[PDB]
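K.L.:
Dropping in the first section of the assembly, placed as in the complex:
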Amino acid sequence: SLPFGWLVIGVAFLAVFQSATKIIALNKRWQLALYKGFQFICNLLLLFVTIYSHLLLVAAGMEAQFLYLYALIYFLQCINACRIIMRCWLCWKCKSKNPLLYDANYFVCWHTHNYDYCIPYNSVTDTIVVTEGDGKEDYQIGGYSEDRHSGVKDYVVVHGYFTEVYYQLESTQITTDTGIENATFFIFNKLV
Amino acid sequence: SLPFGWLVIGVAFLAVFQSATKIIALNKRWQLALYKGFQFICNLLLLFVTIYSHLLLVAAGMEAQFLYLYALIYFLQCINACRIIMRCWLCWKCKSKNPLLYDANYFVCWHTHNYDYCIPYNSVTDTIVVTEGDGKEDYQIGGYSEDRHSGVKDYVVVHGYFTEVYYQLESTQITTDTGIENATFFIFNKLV
Amino acid sequence: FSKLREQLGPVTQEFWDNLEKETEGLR
């Protein structure tokens, strides 16, 4: 005998967590983790409200009607879990926690002696531009900024779910060439 | 008399739509709309599963226990709706459908005679780099690409929820300066 | 329509800074 109140409680909590994740501003680094963390809790809630509801359908005998729908739900949950495992594999591979935080498709990366830079990126392009500067010294790509702790390697690489695209450093645009004070531009070209 | 089956049906459908939105790849433009559209449906479902559950609590008289929780849910839904209205105001202001599609914090924009460019961006930076090139002619910022239909204006602006930051075009890095063939780099500096 | 935007501009940032102050010692 599974009481129906737990389903309502799970529904209310899941609504709370959807409402929280749908309004969190993605400005600072701490929010992103929060923005991820809430989702994680939500996912658990999304599981808890699902199987319990399924446990009701078998309890009421109304499970033969929508077994396909719940099978689809479980299949998509398995796909999402595999996606999370791939993200964990990427962040282990990129030596940083950025892949779990940011939701970008790709991650341009380069490893130094002490620090490893893993900056999110939309898609593989012919060229990649990195802007080094301060107000704090940092490297910025497409708005995403990472506090620099060392120089830039002439081989930068873009990680992906299934792509590993190396890039070649061609030119470094110093302030004299560009005319913009306190801003260094590094340009990388996609190696064939 | 509100039957309890509708709550289970809404739970199942909401689980389906969470599962769909949590796996959609954000590579092409059509997916983004889909990725948004599903969310829209989900939001309706998130409403439908909520108030109905609330309608059960008043039906069972167990509403006095968690009125605060549902009030918080409704308050957060109101905040999310206001956020969507602000996004609609932005896309009306930016003359493009990109703000409703992309989830970036800011949008760098510039208006031409025939076409209007509204490219997503993370945060306001000192400089902004735009890469013009083909394989198709387009302007690319931080991986996000938009098919170019005209030139670039020397005044580019960044839209935001509450910020309107103008930028000044300082230098144009042509292929001779950079050494990268078929790639033009436009550099904008933030006006004070 | 811009009056609401001007009023609502910095209140969200102030709330986020309050959250910063509250949960800084928690994480």
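P.N.:
Structure received. Residues are numbered from 1 along each chain as shown, chains lettered A, B, ... in the order given.

K.L.:
Pop the domain breakdown of chain A in here.
P.N.:
Following automatic domain parsing, chain A resolves into domains at A:5-99, A:104-190.

K.L.:
who touches stretch C:6-23?
P.N.:
Residues outside stretch C:6-23 that contact it (C-beta atoms under 8 Å, 6 or more residues apart in numbering or on different chains): A:25, A:27-28, A:30, B:162. (C-beta placed from N, C-alpha, C; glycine too.)

K.L.:
actually stretch A:163-176, not the one I typed
P.N.:
If you take C-beta under 8 Å, 6+ apart as the criterion, stretch A:163-176 is touched by A:106, A:108, A:124, A:128, A:152-158, A:181-191, B:173, B:177-180, B:185, B:187.

K.L.:
Just the buried ones from these?
P.N.:
For those, a burial check counting by 16 or more other C-beta atoms under 10 Å in any protein chain shown picks out A:106, A:108, A:124, A:128, A:152, A:156-158, A:183-189, B:173, B:178, B:180, B:185, B:187.

K.L.:
Using CSV, write out the CA atom coordinates for the helix or strand where residue A:117 lies.
P.N.:
Using DSSP states H and E, residue A:117 sits in strand A:116-121. This file holds the C-alpha atoms of strand A:116-121, laid out as CSV (Å, rounded to 0.1, in the frame of the first residue of the first chain):
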residue,chain,number,x,y,z
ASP,A,116,45.0,24.0,-16.6
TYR,A,117,42.7,26.2,-18.6
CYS,A,118,39.3,24.8,-19.7
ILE,A,119,37.2,27.6,-21.2
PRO,A,120,33.8,26.8,-22.7
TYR,A,121,33.1,27.4,-26.4
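
K.L.:
Neighbouring strands - and their directions - for it?
P.N.:
In the sheet, strand A:116-121 lines up against strand A:106-111 (antiparallel) (DSSP bridges).

K.L.:
Give me the distance from the strand holding residue A:117 to the chain's centre.
P.N.:
Distance of strand A:116-121 from its chain centroid, counting by C-alpha atoms, centre = their mean, to the nearest Å, is 11 Å.

K.L.:
Over to stretch A:96-114?
P.N.:
Distance of stretch A:96-114 from the chain centroid (C-alpha atoms, centre = their mean) equals 9 Å.

K.L.:
got the buried residues for it?
P.N.:
Within stretch A:96-114, the residues that count as buried by 16+ other C-beta under 10 Å are A:96, A:98-102, A:104-111.

K.L.:
now, among those, which is nearest to chain C?
P.N.:
Nearest to chain C, judged by C-beta to the nearest C-beta, of those is residue A:101 at 13.6 Å.

K.L.:
Which parts of chain A are strands?
P.N.:
Taking DSSP state E, the strands of chain A run over residues A:106-111, A:116-121, A:127-133, A:138-141, A:144-147, A:155-159, A:164-173, A:184-190.

K.L.:
returning to that earlier point: now the two most distant members of the buried residues of stretch A:96-114.
P.N.:
Maximum pairwise distance among the buried residues of stretch A:96-114 (C-beta to C-beta): 20.7 Å, between A:105 and A:111.

K.L.:
okay, now chain D:
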Amino acid sequence: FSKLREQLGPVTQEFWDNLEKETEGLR
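P.N.:
Putting chain D onto the chains we already have gives this:
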């Protein structure tokens, strides 16, 4: 571990292209 990645690489893109073909005339 890389064998699964190699196997799963292009199947997702092929499925997305199938979706492209199916729903191109719908939108």
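
K.L.:
try the contacts of stretch A:163-176 again now we have chain D.
P.N.:
Applying C-beta under 8 Å, 6+ apart, the contact partners of stretch A:163-176 are A:106, A:108, A:124, A:128, A:152-158, A:181-191, B:173, B:177-180, B:185, B:187.

K.L.:
quick one: contacts for the closest residue in space to residue A:52 that isn't next to it in sequence?
P.N.:
Closest residue in space to residue A:52, ignoring its immediate chain neighbours: residue A:7 at 5.7 Å, by C-beta to C-beta, 6 or more residues apart in numbering or on different chains. By C-beta under 8 Å, 6+ apart, the contact set of residue A:7 is A:49, A:52-53, A:56, B:7-8, B:11.

K.L.:
State the pair within these that is farthest apart.
P.N.:
Largest separation among those by C-beta to C-beta: A:52 and B:7, giving 11.7 Å.

K.L.:
In chain A, mark out all the helices, start to finish.
P.N.:
Ranges of helices within chain A are A:5-21, A:29-60, A:67-94, A:98-101, A:175-178, based on DSSP state H.

K.L.:
residues of the second one that come out buried?
P.N.:
Under the neighbour-count criterion of 16+ other C-beta under 10 Å, helix A:29-60 has A:31-32, A:34-36, A:38-39, A:41-43, A:45-50, A:52-54, A:56-57 buried.

K.L.:
Could you find the residue in chain A that comes nearest to chain D?
P.N.:
Per C-beta to the nearest C-beta, residue A:162 is where chain A lies closest to chain D, at 4.2 Å.

K.L.:
what's the neighbour count on that residue?
P.N.:
Residue neighbour count, defined by other C-beta atoms under 10 Å in any protein chain shown, stands at 13 for residue A:162.

K.L.:
Am I right that it is in contact with residue D:9?
P.N.:
Yes: between residue A:162 and residue D:9 a contact is recorded at 4.2 Å, counting by C-beta atoms under 8 Å.

K.L.:
check contacts around the residue of chain A found nearest chain B.
P.N.:
Of all residues in chain A, residue A:142 sits closest to chain B, at 1.7 Å by C-beta to the nearest C-beta. Residue A:142 makes contact with A:120-122, B:121-122, B:141-144 under the criterion C-beta under 8 Å, 6+ apart.

K.L.:
could you check the distance from the residue nearest to residue A:66 when sequence neighbours are not counted over to residue A:160?
P.N.:
Nearest non-adjacent residue to residue A:66, counting by C-beta to C-beta, 6+ apart: residue B:12, 6.5 Å away. Applying C-beta to C-beta, to the nearest Å, the value for residue B:12 to residue A:160 is 34 Å.

K.L.:
Mind checking which of those two has more residues around it?
P.N.:
Each of residue B:12 and residue A:160 has its neighbours counted (other C-beta under 10 Å); residue B:12 has more, 22 against 15.

K.L.:
for that one, what are its contacts?
P.N.:
Residues counted as contacts of residue B:12 (C-beta under 8 Å, 6+ apart) are A:50, A:53, A:66, A:69-70, A:73.

K.L.:
and residue A:76, what does it touch?
P.N.:
Counted by C-beta under 8 Å, 6+ apart, residue A:76 has contacts B:16, B:19-20, B:22-23.
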